[PDB]
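Shown next are two forms of a single protein chain, provided one at a time as structure tokens under the names structure 1 and structure 2.
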Structure 1
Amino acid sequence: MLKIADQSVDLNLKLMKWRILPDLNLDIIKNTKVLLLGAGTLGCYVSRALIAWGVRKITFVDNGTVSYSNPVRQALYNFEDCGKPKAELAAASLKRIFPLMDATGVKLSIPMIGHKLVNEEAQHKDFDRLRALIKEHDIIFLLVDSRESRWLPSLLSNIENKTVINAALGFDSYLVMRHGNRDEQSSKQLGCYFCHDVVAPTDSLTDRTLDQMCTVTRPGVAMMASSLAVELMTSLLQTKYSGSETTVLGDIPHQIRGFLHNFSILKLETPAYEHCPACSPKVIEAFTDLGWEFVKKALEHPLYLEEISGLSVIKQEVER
């Protein structure tokens, strides 16, 4: 029955190409190896949109366990799953949906900038572990739940020249964007998640209290951000038309921000900021030269990152 099931799913996909968009490249999508950093609400909905698109290789990276309030919001878990590790449970759930899925779960902890390193070697192994996973996949979806957690993955993906689709949620809004990648032939690079402010990511969790901020969101933002993130990926994977920023699947916006209170969606674009604590060339050069020796310093000393990127230079400038 697996065979007939496989054919039935494949035919559904083939029909959109054969009868609707003959120029559609389904193969590129099918063979895309996807790395999902975060198996929470976004990770679960993104993975579901991805399998519907024919993607066969998805790897979840999450070190948490299914909590009691998770199931109603994280679409791959059930009540009976509570207490079990998320990453592996998520991969197993995708296979229950479609057995031919090459779904894997890795219970990996992403070293967070601004947090004290507790076990040098142990977190050095995490770093290399993360870089390797990023290197072996084609598209990296950054679906974590803190500003800090998005830093290391952003840098490593840029370093490994991988396309990154970053999705983040607010109570009533969401952001979906593709980070720019550096190109020698072109002097036009798109911004990343960190190009929009002037402070180095740092610890925003340890000191956090309900007073600082609540984490609850309207259910709808996760489903919307997830579907748009995947649709952005499938379009971006298509060959764009000669004289435009469009493909057979439509536009390939750099950044998308949506809001539920007024049911709106804005398409935006921003260039890579030279003093970005994540993609600044100075930060890239630092990594290329010292690798982990540089990262370990930025991780414990976010203010150092600002010195390296040049954010201190522009603040000191206004300081005078």
Structure 2
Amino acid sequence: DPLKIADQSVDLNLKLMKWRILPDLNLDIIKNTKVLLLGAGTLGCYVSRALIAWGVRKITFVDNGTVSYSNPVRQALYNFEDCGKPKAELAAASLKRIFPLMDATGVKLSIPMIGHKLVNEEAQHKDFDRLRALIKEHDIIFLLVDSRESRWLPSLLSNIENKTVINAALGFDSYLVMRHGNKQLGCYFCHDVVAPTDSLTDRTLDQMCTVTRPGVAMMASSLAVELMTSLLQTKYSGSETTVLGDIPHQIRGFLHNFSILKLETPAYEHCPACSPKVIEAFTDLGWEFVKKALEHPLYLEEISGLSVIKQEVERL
């Protein structure tokens, strides 16, 4: 039976990795990891391919988009004949074409961007609940959206549900891969991940630059998955390493000079996404809080305590 053989083949490939090279490697915890991918664009496509090669069985894509004419060359699950079709379900179907016994599903769902007025209070209210449900349902959340403002709601919700989160963000010629965390590490929002004073091309990071160098998404996707697999391994006593090596908080890569930097950031007290007051506010008010924060980001800064900080500065 060909299908059974294709199954036995991939688990076997992975077990030979373990016994030939890394006997301490825990492969089951990788296979049984339920993965949610927020974004079925270039990152979602490459991340999913890396995950299935590592034997991940359950992957869920979330995307509200449609396959465009320019998409297939950059986004590695789509063909020319797919143009027009809904992305998420297509992505899932494409995975099952590679590996038929995958538990891959697509959900067509929008993620509200902070700083934008709501278009349909009710529709997006539903979508909000639905998003929270998917996040609670899964084990690892990959945030693979095109901009900072689509990152906020899923970050908050992932923190609320205590899920490990892995962000990837692209600029023209550099990328960021970071984990938020299950001395706390701190999320994408805790600190400026890029300074107003840095390079012009570095400021394209997470601004839906549609014109990144093709290689950026490939590098970022594979590091993100390699970071996940290492992270799932037990840590060594007195060491931030596992059988697979390091588990950095953040990885920044640059194509122009072929470099990679690792760095770490503590959780910030007035973070708009993970600060205790923002949690407290969400826990007390729910969607009513979220809705106000979404349409009025400055409200978020009153809650976080960031405004009171900015005001004690002004007062000097």
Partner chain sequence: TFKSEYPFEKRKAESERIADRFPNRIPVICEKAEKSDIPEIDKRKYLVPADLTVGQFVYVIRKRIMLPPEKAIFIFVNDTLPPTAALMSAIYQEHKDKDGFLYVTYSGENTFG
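Residues that one form lacks are left out of the comparison. Just so we're on the same page, residue numbers count up from 1 along structure 1's sequence. Throughout, rigid core stands for the largest set of C-alpha atoms superposing within 1.5 Å between the two forms.
Participant: Two forms of the same chain here; which is the form solved without the partner chain?
Facilitator: Pick structure 2 here.
Participant: Which is the one residue in 239, 209, 244, 161 whose C-alpha moves 2 Å or more between structures 1 and 2, relative to the superposed rigid core?
Facilitator: Correct option: 209.
Participant: If I superpose the two forms on their rigid core, does the C-alpha of residue 145 end up displaced by 2 Å or more between structures 1 and 2?
Facilitator: Result for residue 145: no, shift under 2 Å.
Participant: So that I can tell if residue 200 moves, could you say whether its C-alpha shifts by at least 2 Å between structures 1 and 2 after the core superposition?
Facilitator: After core superposition, the C-alpha of residue 200 moves 2 Å or more between structures 1 and 2.
Participant: Once both forms share the same rigid core frame, by what distance in Å has the CA of residue 291 shifted between structures 1 and 2?
Facilitator: Residue 291 is displaced by 1.0 Å at its C-alpha.
Participant: Segments of at least 3 residues with every CA displaced 2 Å or more between structures 1 and 2, core-aligned, in sequence order?
Facilitator: Shifted segment: 197 to 215, the only one.
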